[PDB]
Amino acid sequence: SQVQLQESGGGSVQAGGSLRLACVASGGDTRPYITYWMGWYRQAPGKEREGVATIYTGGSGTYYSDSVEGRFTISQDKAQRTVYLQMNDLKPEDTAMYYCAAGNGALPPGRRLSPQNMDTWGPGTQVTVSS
């Protein structure tokens, strides 16, 4: 009944490497016209929730933050209902507990990568990088 999110693929890595962050959603409103703005986020030790990338489950729109550039790549398998946040070319300030989350599909631009307008959150996995 509740849109449960479950992330995986995270762990320890060195600077300048790849690490796939995949999250499979479960339960909730499974009608096909229900749309979310699935976004990956970032709680750094001592900071607040940030936000790295986001994608639309009802199309192919991809929006990223400025802290990230051509380093991450977010995609989706809609049949598996799974979002893939590729993480290559990593630096040491990306150390944080990376959660994924889902917000309203009609979320206007700008508020898409806002953690306040977000509805349901996932447990989270830590993605630490070493230099």
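One rule holds for the numbers: they count along the sequence shown, beginning at 1.
In this entry, 81-89 shows the higher mean Cα temperature factor of the pair 81-89 and 53-61. When the two stretches 101-109 and 67-75 are set side by side, the higher mean Cα temperature factor goes to 67-75. In the PDB entry, a CA B factor belonging to the lowest third of its chain's modelled residues is recorded for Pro32. Compared with the other modelled residues of the chain, the Cα B-factor recorded for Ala15 ranks in the highest third. Ranked by C-alpha B-factor against the other modelled residues of its chain, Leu21 falls in the highest third.
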